[PDB]
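Working notes, beginning with the structure itself.
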Amino acid sequence: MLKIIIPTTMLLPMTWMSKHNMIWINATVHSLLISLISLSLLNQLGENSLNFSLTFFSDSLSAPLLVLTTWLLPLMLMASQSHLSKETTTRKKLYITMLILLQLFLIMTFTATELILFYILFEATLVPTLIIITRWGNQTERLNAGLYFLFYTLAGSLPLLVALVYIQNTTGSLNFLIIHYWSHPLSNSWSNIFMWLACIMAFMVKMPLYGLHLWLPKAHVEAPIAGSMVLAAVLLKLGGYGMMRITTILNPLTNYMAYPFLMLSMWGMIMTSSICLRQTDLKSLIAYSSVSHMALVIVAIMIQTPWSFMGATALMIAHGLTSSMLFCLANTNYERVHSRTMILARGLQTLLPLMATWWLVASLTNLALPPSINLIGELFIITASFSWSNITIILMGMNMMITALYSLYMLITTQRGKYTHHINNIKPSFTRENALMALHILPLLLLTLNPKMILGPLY
Amino acid sequence: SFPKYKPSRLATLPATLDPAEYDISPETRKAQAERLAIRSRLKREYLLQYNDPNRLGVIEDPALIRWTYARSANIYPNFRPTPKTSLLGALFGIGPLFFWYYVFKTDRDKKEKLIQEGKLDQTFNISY
Amino acid sequence: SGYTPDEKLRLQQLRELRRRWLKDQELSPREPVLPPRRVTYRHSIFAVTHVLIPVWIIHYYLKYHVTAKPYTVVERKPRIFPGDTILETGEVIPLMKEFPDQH
Amino acid sequence: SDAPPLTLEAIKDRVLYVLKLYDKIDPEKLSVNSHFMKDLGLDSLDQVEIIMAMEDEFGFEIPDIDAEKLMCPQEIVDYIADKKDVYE
Amino acid sequence: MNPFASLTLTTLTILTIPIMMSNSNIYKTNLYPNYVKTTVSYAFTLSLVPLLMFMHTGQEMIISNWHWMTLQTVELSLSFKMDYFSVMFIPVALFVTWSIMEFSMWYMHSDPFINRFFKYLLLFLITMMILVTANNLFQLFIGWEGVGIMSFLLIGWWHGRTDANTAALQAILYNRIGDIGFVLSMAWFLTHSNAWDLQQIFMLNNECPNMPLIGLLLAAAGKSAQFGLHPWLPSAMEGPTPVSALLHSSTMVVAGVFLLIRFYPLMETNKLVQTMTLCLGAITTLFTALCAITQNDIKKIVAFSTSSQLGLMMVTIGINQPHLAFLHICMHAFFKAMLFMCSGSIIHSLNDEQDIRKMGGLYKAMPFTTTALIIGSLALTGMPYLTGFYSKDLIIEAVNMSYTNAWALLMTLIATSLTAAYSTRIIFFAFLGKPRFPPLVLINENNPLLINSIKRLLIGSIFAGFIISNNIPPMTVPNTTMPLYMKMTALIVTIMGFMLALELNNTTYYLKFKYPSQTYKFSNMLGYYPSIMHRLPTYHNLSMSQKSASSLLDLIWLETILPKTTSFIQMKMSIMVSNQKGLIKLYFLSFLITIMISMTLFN
Amino acid sequence: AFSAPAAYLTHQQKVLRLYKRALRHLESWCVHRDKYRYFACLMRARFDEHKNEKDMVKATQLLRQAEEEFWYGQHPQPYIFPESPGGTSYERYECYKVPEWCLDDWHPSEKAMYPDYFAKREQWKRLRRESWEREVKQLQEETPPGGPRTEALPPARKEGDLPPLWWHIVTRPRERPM
Ligand SMILES: CCCCCCCCCCCCCCCCCC(=O)OC[C@H](COP(=O)([O-])OCC(O)COP(=O)([O-])OC[C@@H](COC(=O)CCCCCCCCCCCCCCCCC)OC(=O)CCCCCCCCCCCCCCCCC)OC(=O)CCCCCCCCCCCCCCCCC
Ligand SMILES: CCCCCCCCCCCCCCCCC[C@@H](O)O[C@H](CO[C@H](O)CCCCCCCCCCCCCCC)COP(=O)(O)OCC[N+](C)(C)C
Ligand SMILES: CCCCCCCC/C=C\CCCCCCCC(=O)O[C@H](COC(=O)CCCCCCC/C=C/CCCCCCCC)COP(=O)(O)OCCN
Ligand SMILES: CCCCCCCCCCCC(=O)SCCNC(=O)CCNC(=O)[C@H](O)C(C)(C)COP(=O)(O)O
C-alpha cells in the first residue's frame, strides 16, 4: 500500500518546489498518475483480502473508495484553477497542500487495518476540510458553517473513542481481522445498548442521518468548489464505510436497535426530497439530494443483507460521482452569474448548448436512469428492503418519483425558458469546464459495463 | 337570473366580477395613480441601468436578494415558541415517525410469528 | 382616444431605426467567406457498409462465441404432426385413427 | 410553410381591401390617411369591429391597449409591419 | 446456420449505426434525415425475413449472448426474446417509423435542428426495440425508462414554450407513478421467484398472487394512460406532430398493454386482476371517448381516440384474450399513425392551425388528405373488411360472449358508439362546410415525400389486416356460432353513432343559439379531472414542502433542539461563571464553604 | 404591448373590451360564418339599445350585469390565435431568439466570415455610444421632479438626437429568427 501512499506524500515537496506558474500542471499530472497507479487495487479476489502488512490492508469495499478518492483530486484541482487565479503563490501552494493532506488522510483511512488508527485518521480528515471551508470561502457564514461541520462530527465521535478503547480492554485487540474472526454476540442489556449507540452515532452524524443533517447544507453551500466536491463525494462515505466495518460486533442487538434509525431515514428521504422541490438555491438542492441518497444508504446498511451491502456500495460510488459533477456544474454557472440563485439565470441552453447537454446527463444520472450504477444500487436496496418488509416499497416508490421531479425541475428552471435579458456576461464555456464534465461523467458509463467492481465483498 | 360564480383558493375571482372595481372613489383613483407612479419609477430605473452600453454585468435586483434572505436566513430570528408552532412542529416531526414505526413493527411481528409457527411457503426465497 | 403627438413621433422614429437595423441584418453575396482546404451505386455501397458487415460480425459472434457456451441460444422445439418424418431418425410418425369425416 | 415574405405594399393592399368590403365606408372616399370618427364619422364599436376584421384577415390578434389607438389605415399598416418585421 | 437469430439481432444493431455516425461529418450536412430514413427502411426490409420464417414454421428463440453479472444465485445477462410478439411487432413498428420519418422530412424542413430531431426519433425507436425484445425484467425496465426519457425529450422540443415543459414534467410524473408498480413487481419477482428471467418466473408461478400482478397493472395503467393516470397523454400534444404520430399514438403508449400481454401465463391464473383490468379499460375508454366527442383541437381528439383504443385493448386483456389485444395493437398502429399524419398535413398546409373552427372546405381543396383521413376513420370505426374490422369486431364478439361484468360490456358498447360519433365530428367539421380560414390560401399537397408516406399507410390500413389475419396460426378458439342480432351489434351501434352524431352536428347550421348545458361543460373540460387533480394535490404538497418540511422542522425545530439549546446553555453557564466582580471576599467565603463541605461529605 | 398602460380603465374602455370579448366568444360558439354574422349583428343591436344612457350610476350597473352574463356563457374552450398567449404556438420560437451581444463573444475565425455585417455592427455600436450619452441628459432634463408618473418615454426633439432608450427595442432578434 506504500506504493500509493509515498507518491501522495511526495506530491507536497513537488508542489512547494515548483515554479509560480507551473504548480497546477505538475499537481494535475502527478495526481492522474497516482490515480492510474491506484487503479491496480481494483483487482480484488473472492478470498479474504489483500493484507499488505500489519498496518494496511485492502478489501473490495476499500478499493473502489480508494480509487474514487485518488481520482477526485485532479478534478478538484481543475475546478479550483479558476477562482484561485488572483491568489498569491504561497496561498495557492497552501491550498494544494491542504488538498494533498486530505487525500493522504483519506487513503490511510480507507485501508486502516486497526480501528484506532482508522479513528485517528477519520478525525485527521476534519482539519484540512475545516481550514479549506473557513479560509477560502466567499460568504460571511462560512465560519459558522465550519463550526457546525466541526462540532456535530466531534459530538458524534467522542463517545466512539471511549467505546473503542473499551473494546480493546475486553476483546484485547482492535484489528479488523481478529475482530471478525473472534466476533461474539452482544447480550440484550442497557450497557450493550449504550455501547451500540456510542458505536453507531459516530458514523450516523457524518453520513448524515435525518435530524443530524443541519450541518451539511451549511458546509456545502459555504465551502469553495473543491470543498463541496470532497464533502459530497468522499467525506460522506466515511460514515457508511465505518458502519459496514463496525456492524460485525453489534449483532444481534441491531435487529431491534435499528428501528429508530430505519424510521428516521425512511421518512427523512421523503422530507428532503420534498424540500428539494422548493429551494431558492442550487447548492442547497444538491446538498439535500445528497442527504436523501445517504439516508437510503443508511437504510441499506441497517437492513444488513448481502444485497443491501452491494446496493449500498454501488450507491455510494455513483452518488459521489454524480454529486461531484452537479456541484461542478453549479459552480460553473455561479462563476458567471455570481449570485447562486436558480431563477436569476434562465434559458441557458440557447447560450451554452454543451453545458445544457452536461446538465441533462447529470440530471439523468441523478434521476437514477437504467442501466446506470445509480439505479443498480437503488434497485438492490429496494429489493432488500422489500424482503425486510413489503410495505417499505411504498415510501421508496414515493421517493423515486419525488427525486425525478426535483431533478427535472433543476434542469427546467435553469436551462429551459427565456434567458435573462440583463445578463450579458455569459461567456462561452472553456475547455477546462467541458473536460471536467467529461472526466466526471465518462467513468460512470464505463463502470456500468462492469458493475462487480463496485458491488463490494459480498458479490 | 344566472348561477353565481363562487371563488375559491385555487380558482380565484375574475377581475370583471370584482365588486370593488365599480364602486370607484377618488381615493381609489389616487391609490392607483400612486401605484402607477412607483411602478414607473422602478421601470425607469431598470431601463436606465439596462440600456447603458458601459455596463458589462448583471443588474442586481434588491427584491430578489431580499426574497432569498427572507425565505432562507430570516426564519429563525423571527421564530417564537407558541402553542400553534409547538403543536404543529411536534405533529409534523413526531407523528409520522411513530406511525411508520408502528406499521413496520406490526408487519414484522406478523412475519416473525409466521416464521416461528411455520406456514409461510418460503420456497425459492434464496436471495435476500 | 388615439396616439398623442409625442407617441406618434417616437413610434415613427423607432420604426425607422428598426427598419434600418433589419435591412442591415441582410447578407452580401460574398458574406459567408468559406476558407477551403482538403487533406444504385449509393445503395450498393450502403447495403455493404451498413447491412452486410453487421450480418457477418453477428453471424461470427453467434456461431463461434455465443454457441460455444451451453444454453445461450435455446430454440423452441418444432411442432410435430401425424404423418411427419424426422430427419435424424427417418421413422414415420403414425397417422390419426381415421375419425369419421362427414361435412 | 412555404409562406411568401409579405411586404409593405401587400399589407397596405390587404388593409384597403378589407376596408372597402366594409359597406359602411364609402369606397371612393376612403384613403390610406383617412381618420375613422373624423374623416369617416364612425363609432368606437365600428372601430373595434374593423380591428377584429383585420385580426381575422392577418391571422394574428392585436392587444386591446394597442387596438384602441389604431385610428388610420396607414398606422394600422405600420403596426402590422412592425409586428411582422417587414423590411420594404 | 440459424439465420433467424442473426437477422433478429442484425436489424436491432443496424438501427444503431446512425447513432454512432451522429459524431461524424454526415450529421453536419443535410443528408442525415435521408440517411436515417434509408437505414430504417433497410432495417424493416431485413426484419421482414424472420417474420416469414416464423410464419412458415413457427420458429421461436431466446438469445443470451452477453453475461452481465452473477449475484450469488441470480444471473443477469443480456437476453433477447424472439417469440411471436417480438418478431411480429418489429416489422410493424419499423414500417410506421419509416413512414413517420419520411413525413417528418417534409413537415420539419424549417427546423434548424432537424438532425437532432431525427436522432431523437431513432433513439426512441431503439429504446422501444429494447423494450419489446427484452427477455428479463431488467432489460424490460431499461426500455421502459428509455421510452419515457425519449418522450420527455421530444415533448419539450421547443424549450421556449412553458406549456411544453409542463407537459413533459406531467408525463414524467405519471410514468413514475407507474414505475412505482413496476419496481414493486420486479422486487416481488426476485424475492419470491429468485429470478428476473421470464422462463423461471413462468415455471415457478403456477398460481400468481395478487401483489406482482397488481404492480404490473399499475405500471401498465401508468404508461398506457388509463383513466386513473390519463391526462398526460392528451397533454403530450404540445410537441411536434411527428412526435405525437410516432410516440404518443401507436408505439410508446402500447408498451403497458404489451407488458400485460407478455405476462399472459400469469394473468390467466388470477381472476381479480382480470376484473380490475376490465373495469379500468372500460372506464378509460368511455371517459376518453366522452371527452373526445366535444373537443375542438384535432390533435387532442386524436389523442383521446388513442386513449380510448388503449382502454379497449385493456378490456381485451381483462377478458383473457392477449393475442387479440396484440392484433388490435398491430392494426391500431397503422391506422392511427396515418390519422395523425393526415392531421399534421392539414395543420402544415393551414399555417400552423390546429383548431377545427378555422377548418372549412378541404374535401376538394386538398383531396388526397381527405380520402386518406376518410379511409382511416372508416378503419377506426371497424368498417367490415378493413384493418380495424379484423381486430375490433373480434373484440366485440369476445366481450359479448364472456362471463364478465355487464357494466363493462355496456361501457364498451357506448365507447364504440362514441368513437363512431367523434370520427363523424372530425370529418364533418374538417371537410364538409364552407371555408373558414384566413383569405391567404396556401393549401399544397404536391410533395412526393408526403404523398408516398401517406400512401404506404393507406396500403397498410387497407390490406395488412387481411394479410395478418389470414397468415398467422390460430391462437384462440373461435366464436363459430352467433345470435344474428349479437353478430351485428358492433355494426348496428357504429351506424347508430354515425346517424346520431351527424344529426346533432347538422343542427349547428340552424340560426339558433343556446347556452351550454351542464353535461357539455363536464365533457368539454375533460371531466374536470385535469383542473382539480392538478391544483388540489400539488399545491398542498408544495405548500407542505415549504411549511412543515423546510421551515417549521428543518429551519426551526431541528435547529432549536440540538445546536441552539446547547449554545444557549453554554452561554448562560459561561456568563454565570465569568460574572465575578473580582472581590477576594467572595472568593474566600466560597473557599471556607467548600472546606467545610468537604470534611463532612468525604469523611 | 408597445403602448404604456394607464393608471385605470375608463368606462368606455371596459365597454369596448367586453364587446370584443363577447364577439370573440360568440364566433367561438357560432362556428359558421352566416350564423356568426347574424348573431353578431343581433348582439350589437342588443348592445346598442343602451348607447345613449346618460347617468353613470345606471350605465355602470348595465355593464356589471353584462359581465355576470358573459361569464355564464363564456365557452370554456374559446378560439385562440396560434401566436396568442393561449395559442398552440405561443412561444414556439422563443428558444431561437439569441441576443445581439452574443456576437461579441464570437471567435475571430468565426468573425472572418461575414465581414460587412460586423462592420455595420461597429457602426451601430458607435452610433449607440454617442446616442446614449445624449439620451441620459435629455431624459434627465425632461423628467418631472419626484420621478415619472407613467412609463411613456418622450421622443427625440433635436435634429441628430435619437429617442431615449432605443437600443433594446430596435434590436429585437426577429419574429422567427431561425
Ligand atoms: C338493447 C337495445 C339496443 C338499442 C338501445 C337504444 C338505442 C339508442 C337510444 C338513444 C339513447 C341516448 C341517445 C342520445 C345521445 C345524446 C345526444 C344529446 O342529446 O346531447 C345533447 C345534450 C346537450 O347538448 P348541448 O349542450 O345543448 O350542445 C352544446 C352545443 O350544441 C355544442 O355542441 P358541439 O358542436 O360542440 O358537439 C356536440 C356534441 C357534444 O354533446 C355533449 O354535450 C356530450 C354529451 C352526450 C354524450 C352522452 C352519450 C352517452 C352517455 C353515456 C353515459 C354513461 C354514464 C355516465 C355516468 C354519469 C354520472 C353522473 O355532441 C355529439 O357530438 C354527439 C353526442 C353523442 C351521440 C352519439 C353516441 C350516442 C348514441 C349511443 C348511446 C347509447 C346507445 C348504445 C347502444 C348499446 C346497446 C344498449 O346532451 C345531454 O343533454 C345529455 C344526455 C345524456 C347524458 C347522460 C348522463 C347523465 C348523468 C346526469 C346525472 C344522472 C344521475 C347520476 C347520480 C349519481 C349519484 C352517485
Ligand atoms: C435527534 C436526531 C436523531 C438522533 C438519534 C435518535 C435515536 C435514539 C434512540 C436510541 C434507541 C432507543 C432508546 C432505548 C431503547 C431500549 C428499548 C426500549 O425502547 O424498549 C422498551 C424499553 O422501555 C423504555 O424505553 C425503558 C427506558 C425508558 C427511559 C428512556 C427515555 C425514553 C425517551 C427519551 C427521549 C430523549 C431523546 C433525546 C436524547 C438526548 C421495552 O422495555 P423492556 O423490554 O422491559 O427493556 C428493554 C431493555 N432491556 C432488554 C435491556 C432490559
Ligand atoms: C450528535 C450528537 C450525538 C452524541 C452521542 C450520542 C450517543 C451517546 C451514547 C452514550 C455515550 C457513552 C457510551 C459509553 C461507551 C460504551 C462503553 C460501555 O458500553 O460500557 C458500559 C458503560 O455504560 C455507560 O457508562 C453509559 C452511561 C452513559 C453516560 C453518558 C450519557 C450521555 C447521554 C445519554 C443519553 C443519550 C442517548 C441517546 C442519544 C441520541 C443522539 C443524540 C458498561 O460499563 P461497565 O461498568 O464496564 O459494565 C457494567 C457491568 N459491570
Ligand atoms: C356568448 C357570451 C355572451 C355575453 C353577453 C354579455 C352581455 C351583452 C349585453 C351587454 C349589455 C350592455 O349593453 S351594458 C351597457 C353599458 N353602459 C353603456 O354603454 C352606457 C354608455 N356607453 C358608452 O359610453 C360607450 O362607450 C358607447 C357610447 C356605447 C360607445 O362609446 P364610443 O363612441 O367611444 O365608442
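Where a number appears in this text, it was derived from the coordinates with a stated rule and is not lab data. When we count neighbours, we look across all protein chains shown, and the Cβ atoms used for this are built from the backbone with ideal geometry, even at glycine.
When the stretch A:188-229 is filtered for residues that are within 11 Å of ligand 3 (Cβ to nearest atom) and over 25 Å from E:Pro563 (Cα atoms), the ones remaining, listed by number, are A:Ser189, A:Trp190, A:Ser191, A:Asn192. When you go through B:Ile75, B:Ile65, B:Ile59 one by one, which is the residue that is of a type in the set (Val, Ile, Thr), under 30 Å from A:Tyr334 (Cα atoms) and within 14 Å of chain E (Cβ to nearest Cβ)? When all the criteria are applied, what remains is B:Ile75. Considering A:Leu94, A:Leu102, A:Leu11, the condition of being over 21 Å from A:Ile317 (Cβ atoms) and crowded, with 21+ Cβ neighbours inside 10 Å is satisfied by A:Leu11 alone. Selection within the stretch F:130-157: residues that are basic (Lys, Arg) and more than 12 Å from chain C (Cβ to nearest Cβ). The member of this set that is surrounded by the most Cβ atoms within 10 Å (Cβ to Cβ) is F:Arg149.
Whether any residue in the stretch E:509-517 is under 30 Å from E:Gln170 (Cβ atoms) and more than 16 Å from ligand 2 (Cβ to nearest atom) is what I want to check. Walk me through it before giving the result.
Residues of the stretch E:509-517 that are under 30 Å from E:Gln170 (Cβ atoms), as a first pass: E:516-517.
Going one step further and asking which of them are more than 16 Å from ligand 2 (Cβ to nearest atom), we end up with E:516-517.
Yes, there is a match, as at least one residue in the stretch E:509-517 is under 30 Å from E:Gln170 (Cβ atoms) and more than 16 Å from ligand 2 (Cβ to nearest atom).
Is the stretch E:331-345 home to any residue that is in a helix (DSSP H, G or I), surrounded by fewer than 21 Cβ atoms within 10 Å (Cβ to Cβ) and not polar (S, T, N, Q)?
Applying the first criterion (in a helix (DSSP H, G or I)) to the stretch E:331-345 yields E:331-345.
Now restrict to residues that are surrounded by fewer than 21 Cβ atoms within 10 Å (Cβ to Cβ): none.
No, the stretch E:331-345 contains no residue that is in a helix (DSSP H, G or I), surrounded by fewer than 21 Cβ atoms within 10 Å (Cβ to Cβ) and not polar (S, T, N, Q).
Mind checking which helices (runs of 4 or more DSSP H) fall wholly inside the stretch E:430-514 and carry at least 2 residues that are hydroxyl-bearing (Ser, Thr, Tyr)?
Numbers: elements: E:448-459, E:465-471, E:484-487, E:489-505.
It comes to E:489-505.
Scan the stretch E:258-281 residue by residue and report those that are within 22 Å of E:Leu410 (Cα to Cα) and not charged (D, E, K, R). If you could, list the steps in order and put the result at the bottom.
The first filter runs over the stretch E:258-281 and keeps only residues within 22 Å of E:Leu410 (Cα to Cα), leaving E:271-281.
Passing the criteria: E:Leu272, E:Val273, E:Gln274, E:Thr275, E:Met276, E:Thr277, E:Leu278, E:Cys279, E:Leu280, E:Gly281.
For residues that are exposed (fewer than 15 other Cβ atoms within 10 Å of the Cβ) and under 23 Å from the mean Cα position of the chain (by Cα), scanning just the stretch A:152-181, find the one that is nearest to A:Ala287 (Cα to Cα). For the stretch A:152-181, the residue satisfying everything is A:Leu154. Total residues in the stretch E:156-189 satisfying the condition of being among the charged types (D, E, K, R) and within 14 Å of chain F (Cβ to nearest Cβ): the figure is 2. Candidates are the residues of the stretch A:142-160 that are more than 9 Å from ligand 3 (Cβ to nearest atom) and more than 14 Å from chain E (Cβ to nearest Cβ); the one that is farthest from E:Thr565 (Cα to Cα) is A:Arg142. Can you say whether A:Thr413 is surrounded by fewer than 24 Cβ atoms within 10 Å (Cβ to Cβ), within 11 Å of another protein chain (Cβ to nearest Cβ) and under 21 Å from the mean Cα position of the chain (by Cα), as far as the supplied structure shows? Here the answer is no, as A:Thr413 does not meet what is asked. The sole residue among A:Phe194, A:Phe176 that is over 30 Å from A:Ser273 (Cα atoms), of a type outside the set (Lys, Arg) and touching a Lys or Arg at 6+ places or on another chain (Cβ under 9 Å) is A:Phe176. Residues in the stretch E:528-555 that are among the hydrophobic types (A, V, I, L, M, F, W, C) and either facing another protein chain (nearest Cβ under 7 Å) or surrounded by 17 or more Cβ atoms within 10 Å (Cβ to Cβ) (or both): E:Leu536, E:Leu542, E:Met544, E:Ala549, E:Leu552, E:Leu553, E:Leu555.
Here are some residues: A:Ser173, A:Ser183. Which one is farther than 20 Å from A:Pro252 by Cα, away from ligand 2 (no atom under 16 Å from the Cβ) and outside any helix (DSSP H, G or I)? Of A:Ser173, A:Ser183, the one residue that is farther than 20 Å from A:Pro252 by Cα, away from ligand 2 (no atom under 16 Å from the Cβ) and outside any helix (DSSP H, G or I) is A:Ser173.
Test A:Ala356 against the criterion of being surrounded by fewer than 24 Cβ atoms within 10 Å (Cβ to Cβ), of a type in the set (A, V, I, L, M), in a helix (DSSP H, G or I) and within 12 Å of chain E (Cβ to nearest Cβ), and give yes or no.
Values: surrounded by fewer than 24 Cβ atoms within 10 Å (Cβ to Cβ): yes; of a type in the set (A, V, I, L, M): yes; in a helix (DSSP H, G or I): yes; within 12 Å of chain E (Cβ to nearest Cβ): yes.
So A:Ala356 fits the description; yes.
Those helices (runs of 4 or more DSSP H) of the stretch F:8-122 in which at least 2 residues are within 14 Å of chain E (Cβ to nearest Cβ) and more than 16 Å from ligand 4 (Cβ to nearest atom), considering only elements entirely within it, cover F:33-48.
In the stretch A:320-340, the residue that is surrounded by the fewest Cβ atoms within 10 Å (Cβ to Cβ) out of those that are under 14 Å from A:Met410 (Cα atoms) and within 14 Å of chain B (Cβ to nearest Cβ) is A:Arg340.
Kindly check whether there is at least one residue in the stretch A:234-256 that is within 12 Å of another protein chain (Cβ to nearest Cβ) and more than 20 Å from A:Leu375 (Cα to Cα).
yes
To keep it simple, each residue is scored yes or no on (1) out of contact with any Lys or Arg (no Cβ under 9 Å at 6 or more places or on another chain); (2) more than 9 Å from ligand 1 (Cβ to nearest atom).
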position: E:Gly465; (1), (2): yes, yes
position: E:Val477; (1), (2): yes, yes
position: E:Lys487; (1), (2): yes, yes
position: E:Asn505; (1), (2): no, no
position: E:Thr508; (1), (2): no, no
position: E:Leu511; (1), (2): no, yes
position: E:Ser517; (1), (2): yes, no
position: E:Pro530; (1), (2): yes, yes
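When E:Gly222, E:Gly215 are checked against the criterion of being of a type outside the set (A, V, I, L, M, F, W, C) and over 26 Å from E:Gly527 (Cβ atoms), a single residue qualifies: E:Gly215. Of the numbered criteria (1) within 14 Å of chain A (Cβ to nearest Cβ); (2) farther than 30 Å from F:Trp166 by Cα; (3) loosely packed, with under 10 Cβ neighbours inside 10 Å, the one B:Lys6 fails is (1).
Report the residue count in the stretch E:556-572 for those that are at the interface with chain B (Cβ under 9 Å from one of its Cβ atoms) and out of contact with any helix residue (DSSP H, G or I) (no Cβ under 8 Å at 6 or more places or on another chain). Full working, then the answer.
Step one: list which residues in the stretch E:556-572 are at the interface with chain B (Cβ under 9 Å from one of its Cβ atoms), which gives E:556-560, E:564.
Then drop every residue that is not out of contact with any helix residue (DSSP H, G or I) (no Cβ under 8 Å at 6 or more places or on another chain), which leaves E:559-560, E:564.
So the answer is 3.
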